[PDB]
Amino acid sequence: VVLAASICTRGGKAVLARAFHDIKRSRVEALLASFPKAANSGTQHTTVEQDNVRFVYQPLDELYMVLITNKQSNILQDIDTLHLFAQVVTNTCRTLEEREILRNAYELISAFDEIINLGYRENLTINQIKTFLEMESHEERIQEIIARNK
């Protein structure tokens, strides 16, 4: 499962961090701090194991998009999640500069929460995610009209 997601610097500093499951954010920030030494080696280009976790990650311009997972997590699925997260970030921020990500931070976290709840993922398209975030509800619109009715 995906314990947490982070966009972070190549030096191990979180630009944003979102814990989904069984992990405090402070613990996330500590894992990321030790992350760059595992990643900068040509060990693998996508995954490194450190502590009792695995980092699934890709470059995001000069940043890193990073999922933290337990070591038994389905890695094929987690690479697909990572791509989906990366696609969200690019579609949401005008640029992939740190400052611009920071501008869209809380929007980015709300989107991440549409994808992962408690570590598990939904097979959502970017369109469904955009739709969820819009929060347009027929019931809500219909209830206020039933309201003004009475």
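Residue numbers run from 1 along the displayed sequence.
Mean C-alpha B-factor is higher over 137-145 than over the other stretch, the pair under comparison being 5-13 and 137-145. The mean C-alpha temperature factor is higher for 41-49 when 41-49 and 98-106 are set side by side.
Across the options 125, 87, 34, 81, the residue with the most elevated CA B-factor in the record is 34. The deposited CA B-factor of residue 93 belongs to the highest third of values across its chain.
The PDB entry assigns residue 25 a C-alpha temperature factor belonging to the highest third of its chain's modelled residues.
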